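Heads up, the thing below is written out as structure tokens.
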Amino acid sequence: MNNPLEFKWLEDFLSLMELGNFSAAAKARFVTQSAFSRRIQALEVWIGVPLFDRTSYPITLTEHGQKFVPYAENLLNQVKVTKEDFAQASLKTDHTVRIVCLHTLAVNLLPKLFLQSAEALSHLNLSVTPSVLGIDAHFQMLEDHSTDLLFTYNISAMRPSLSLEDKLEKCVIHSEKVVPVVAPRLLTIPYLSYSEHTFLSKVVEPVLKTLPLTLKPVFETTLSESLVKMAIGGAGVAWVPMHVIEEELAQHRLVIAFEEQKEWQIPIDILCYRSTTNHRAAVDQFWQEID
Amino acid sequence: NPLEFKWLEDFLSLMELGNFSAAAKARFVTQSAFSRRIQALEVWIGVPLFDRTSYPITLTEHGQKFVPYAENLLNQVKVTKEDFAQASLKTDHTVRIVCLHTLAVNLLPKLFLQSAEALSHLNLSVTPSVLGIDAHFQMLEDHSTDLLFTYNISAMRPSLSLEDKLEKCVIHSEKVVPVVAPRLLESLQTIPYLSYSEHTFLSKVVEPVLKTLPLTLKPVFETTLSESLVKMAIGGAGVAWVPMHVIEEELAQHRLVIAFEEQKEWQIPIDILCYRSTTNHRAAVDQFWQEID
Amino acid sequence: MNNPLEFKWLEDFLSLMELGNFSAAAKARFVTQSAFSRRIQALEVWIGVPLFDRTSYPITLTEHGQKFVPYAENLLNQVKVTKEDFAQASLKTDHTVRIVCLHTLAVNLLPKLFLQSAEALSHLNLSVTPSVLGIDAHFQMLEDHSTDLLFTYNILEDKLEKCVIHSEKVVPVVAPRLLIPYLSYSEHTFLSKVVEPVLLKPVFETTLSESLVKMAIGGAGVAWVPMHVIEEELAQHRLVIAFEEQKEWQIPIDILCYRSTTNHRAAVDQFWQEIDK
Amino acid sequence: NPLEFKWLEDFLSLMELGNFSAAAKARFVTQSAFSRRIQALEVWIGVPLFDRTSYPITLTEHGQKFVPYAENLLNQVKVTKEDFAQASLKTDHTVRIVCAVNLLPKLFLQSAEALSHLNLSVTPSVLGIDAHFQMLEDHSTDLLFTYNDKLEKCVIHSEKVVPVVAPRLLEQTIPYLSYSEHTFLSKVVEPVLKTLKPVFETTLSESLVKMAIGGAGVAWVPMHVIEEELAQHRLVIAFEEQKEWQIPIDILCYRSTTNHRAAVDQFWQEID
Ligand SMILES: [Br-]
Ligand SMILES: [Br-]
Ligand SMILES: [Br-]
Ligand SMILES: [Br-]
Ligand SMILES: [Br-]
Ligand SMILES: [Br-]
Ligand SMILES: [Br-]
Ligand SMILES: [Br-]
Ligand SMILES: [Br-]
């Protein structure tokens, strides 16, 4: 089960039909002339007959290519209509702003931002979900406009893929440190860690061999807010972003470990991304406020 | 001649950072070896990918066409690894726990802390997950995870029975209550409503009861995260229906008040379950399970 | 070209829809459990909204999932109609046997075979298309019935009947006056992949065995070529095999015919039984 | 540890041949090297891919799931290389030629002493007229051979497409040996011809030549393809007195006027 139709071939066929020239069509499809010739060939293998005569000038349709024209458009339009009909299903209303961020930004940063701008945003219905699908999946949704903004850290692992950068705008929301914290009682030490897969594990783990203490891992999760609850409860040392523990540091239920050894801290920037082509007014009024 | 897999990330890394030195550090090799890798990649592909005489370094026309090839291969290699990855157990005193994101911050740590000296000797690994209950039941069966915490499941349609495979116990019974910031209490007309996304358990529990009500709730804000509703409600953005266990501290600090105290039947009952595999007898899992009952 | 719809997601959708269990849908789709779950997510990301209700056991459709059902069916149906409306579009007459082979075989083997059987084959028309496509493309066209027979070299398959036509060696040959300049197959060609690992100053490189031979007959250097191509020249001593005593430099090959088990047109089976021997 | 792509071909060889000695030979490594590679791939993917509990070796269930992944990954490497491949310039004196079997050898040998030091890469080609002419000015090819704007051109020779038959044939409708529908020579012959009975079809002149030598019918072929078969009385020209059913055609060579390679120019000065 692996000779499937690839829809890209349908556009390749339409482009060569219209332009009559392998070099021009490849350019219009953003691929090398060889990539493009191979794709047309793969289409012809799949449909089973040659669609183009290469011995005429310019390239023309065969008898079979003529017959195939309505089949190519028919499918291409069905995919388009499918994409368009469901593009609006994400939108409750045209004044709702769809937002994806790290869980700890969904609980600490985003409400603080709306609440501070509550009057200037009072007409907007924010819809806030945490990042859970994988960084590339969420950026694809941003580019497709099924998501309006994306709040991330400026870590390497949360960068948008290189092919996508040109299509996105980003602004900095503020700067921060990831710092180690414990409850007042302090001295081997119980370690409260990020699961090795998630984004913050890669920021913190290199810093940790510089550490002089042996670390007794007793709890790992993916969410900073979970580590914070255990650090409060006296369970170990965790690395957490500062603007997760503001009042906790004030109430002295937590305190920074080796406070004046700033190189066991990691500076990070909170980023907000949008698609340059997403011109929905509700999204624009929101972006104007936090930027 | 063999294409070398790490040339691809080598390529991506030098395309992003503008320079060899930074790219070589990002890839944890000598400035030296990085150069040699980039050169082997260019020899192999047959054309220059990088215009090296530009500062910062840019891609050639070829390098620009090369971008999707490197990403697809990288992605297809990673996808090959993840599709075949097996269940893992780090240490034999690690308890593997799966649940929704919300439960992972306001239920499990409280549970864990309340049994510290009993559970202190175990290693707890909590991976929140938006995969379905069907996915998590399957993980219990595969012993790829040990415990699942969840809100009770009303079946959409008749389903195969489970107690030949899974055991279930009740962690907590409580209510989902409407809360509001104290300043807003006397204004309670048309009320701003801080609601759950339609594809959460709590929406499917709250909205049925909410339609049966003489309120005019205008949705001003939507989320999957109970903890976000709570922040919004503290700031007076409107009324939220939230589980009691998420607001224990806010109610004690008088930063939130239950609204419509008089109408107890506007508080929606809810159970939090812990599921386990019947064929899984690890003493770490039993020590954990025997403590929550 | 960033984010294509992938046809197979449509079948993944319908299969999870009807079975309501990730593990069972995955088995039905012949993929691993985590590959299926990943593919389902790719479909939901692409469309932009969840199609399956994740709080439910068994899994059931969201309202968006319910809405999406005709879209998926109609796409799949259209792809199927496209394939149907073009099946056997290449088949001109019904007494036509469509043949694909390598260039080397289209001149040195196939004409010799039809003549050898001219009167058992007189009622047929043969279209011989020498082809450069991968063997996998040729196998797929056999399954689709886009061609009828495949002749090739050698050293899915439950729908493909094969048969050995001739066993042979690729041997180094040279004009007698010589006792080293190299006449080679271009990188991509099949015999290239065959000869080189078993292996000289390059002087001439092409795809076609018969170009090598003319150059070899002309004293231009040494070429490796299948034996059947050079039977006359060996007889007439226009070529001799080089280091003939040392079978080390000679590569055995096999000349194969494949047909699809699902193609039962008379004209093909007739051709085949004269071929099988 | 990183994936090595030669493992994927190692996997497919063992799957096809079902035996370690045979699989190692087909991959040109020692049996022990082949073994260490198979084990390294099984460690990398994390599950056993081969069922060693019998002979021939078969695939595990996961091994059978892994098959499409090996093929896909290997296809994508191969496409990556081909989509960028170009300009096979092994020597300062390599001549990359695009075009026709009998032509190039005859021409090389006709002046081998003058082109001793060169080496030729000849390639049979069916992309566009446009595409190939661009490649000449892209300097990705040095020479373009073809039948009949800053491109010098050269008459190889002007010859004639003629109909040929085995002498054994005295004769009315006739078995007709034709070029396939979408080839250049079809566009030259079928217009002139407009009773023939289709009997055999292909794209290759040399293939039609052998059918005609066996007497299977009449074919039109360029004479530079049959100069020897005529001299050997194996084919004659049909309808000799019908001198107007022979299509006159030219053979041309093209080179870019900015492609200033000495080897290219040396070849070109022998050709004209
Ligand atoms: Br298909
Ligand atoms: Br085709
Ligand atoms: Br994520
Ligand atoms: Br987080
Ligand atoms: Br673990
Ligand atoms: Br929920
Ligand atoms: Br083949
Ligand atoms: Br070959
Ligand atoms: Br890897």
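Residue numbers (PDB author numbering), protein chains in the order written: chain C, 1 to 187, 195 to 298; chain D, 3 to 190, 194 to 298; chain A, 1 to 155, 164 to 187, 196 to 215, 222 to 299; chain B, 3 to 101, 106 to 154, 166 to 188, 194 to 216, 221 to 298.
All C-beta atoms in this analysis are idealised placements derived from N, C-alpha and C, irrespective of residue type, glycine included.
Asked, Found
"Determine, using beta carbons only, whether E254 of chain B comes closer than 8 Å to chain A.", "no"
"Got a sec: does ligand 5 put a non-hydrogen atom nearer than 7 Å to the Cβ of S282 of chain D?", "no"
"Would you tell me roughly how many angstroms separate the C-alpha atoms of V128 of chain D and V262 of chain C, rounded to the nearest one?", "24 Å"
"Report yes if the C-beta of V107 of chain C is less than 7 Å from at least one heavy atom of ligand 3; otherwise report no.", "no"
"Quick one: is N2 of chain C buried, meaning 16 or more other Cβ sit within 10 Å of its Cβ, or exposed?", "exposed"
"Let me check understanding here. Comparing Cα to Cα, which of B:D12, B:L19, B:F22, B:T55 lies closest to residue 299 of chain B?", "Residue 299 of chain B lies beyond the residue range present for chain B, which begins at 3 and ends at 298; the question has no answer from this structure."
"May I ask whether a heavy atom of ligand 1 can be found less than 7 Å away from the beta carbon of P4 of chain C?", "yes"
"Tell me where the alpha helix (DSSP H) around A24 of chain C begins and ends.", "22-28"
"Would you report the Cα separation of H174 of chain B and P248 of chain B, rounded to the nearest angstrom?", "12 Å"
"Rounded to whole angstroms, what is the Cα-Cα separation between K170 of chain C and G48 of chain B?", "39 Å"
"Counting Cβ pairs, one atom from each stretch, are 3 or more of them under 8 Å apart for the region 83-96 of chain A and the region 57-75 of chain A?", "no"
"Is the distance from the Cβ of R281 of chain D to the Cβ of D166 of chain D below 8 Å?", "no"
"Count the other CB atoms, across all protein chains shown, that sit within 10 Å of the CB of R185 of chain B; report buried if there are 16 or more and exposed otherwise.", "exposed"
"So which residues of chain C does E73 of chain D contact, with C-beta pairs closer than 7 Å?", "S161, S163"
"Hey, does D53 of chain C have any beta-carbon neighbour from chain B nearer than 8 Å?", "yes"
"Does the distance from the CB of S23 of chain C to the CB of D136 of chain B come in under 8 Å?", "yes"
"With distances taken from CA atoms, which of C:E266, C:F265, C:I239 is nearest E254 of chain C?", "C:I239"
"If you compare alpha carbons, which of A:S15, A:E232, A:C101, A:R260 is closest to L109 of chain B?", "A:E232"
"Which term fits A25 of chain D, buried or exposed, when burial requires 16 or more other beta carbons within 10 angstroms of its beta carbon?", "buried"
"For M249 of chain D, would you say it is in contact with chain A, using Cβ-to-Cβ distances shorter than 8 Å as the test?", "no"
"Please determine whether the Cβ atom of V81 of chain D lies at a distance below 7 Å from any heavy atom of ligand 9.", "no"
"Is the distance from the Cβ of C101 of chain D to the Cβ of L150 of chain D below 8 Å?", "yes"
"For a cutoff of 8 Å on Cβ pairs, would you count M1 of chain A as touching chain C?", "yes"
"Roughly how many whole angstroms lie between the Cα atoms of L126 of chain C and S202 of chain C?", "30 Å"
"Would you decide whether residue 161 of chain B is buried or exposed? Buried here means 16 or more other CB atoms lie within 10 Å of its CB.", "Along chain B, the last residue before the gap is 154 and the first after it is 166, so residue 161 of chain B carries no coordinates."
"At a threshold of 7 Å, does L133 of chain C count as lining ligand 3 (C-beta to nearest heavy atom)?", "yes"
"Tell me which residues share the same chain as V107 of chain C and place their Cβ nearer than 7 Å to its Cβ, disregarding the 5 neighbours each side in the sequence.", "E232"
"Only counting the same chain, and skipping five residues up and downstream in sequence, which positions put a Cβ closer than 8 Å to that of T221 of chain D?", "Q194, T195, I196"
"Which residue comes first and which comes last in the beta strand (DSSP E) that contains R98 of chain B?", "96-100"
"Assuming contact is defined by CB atoms lying nearer than 8 Å, are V181 of chain D and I252 of chain D in contact in what I supplied?", "yes"
"For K177 of chain B and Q272 of chain B, what's the separation of their Cα atoms in angstroms?", "6 Å"
"Would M237 of chain D pass as an interface residue toward chain A - the criterion being a Cβ-Cβ separation below 8 Å?", "no"
"Which bits of chain B does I196 of chain C rub up against, with CB to CB less than 7 Å?", "Here the premise fails: no neighbours, minimum Cβ distance about 32 Å."
"Buried or exposed: where does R38 of chain D fall if 16 or more other Cβ atoms within 10 Å of its Cβ makes it buried?", "exposed"
"Excluding the 5 residues preceding and the 5 following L168 of chain C in the sequence, name in chain order all residues of the same chain whose CB lies nearer than 8 Å to its CB.", "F139, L142, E143, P160, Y280, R281, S282, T283"
"Report the partner residues of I196 of chain C according to the DSSP bridge assignment.", "C:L222"
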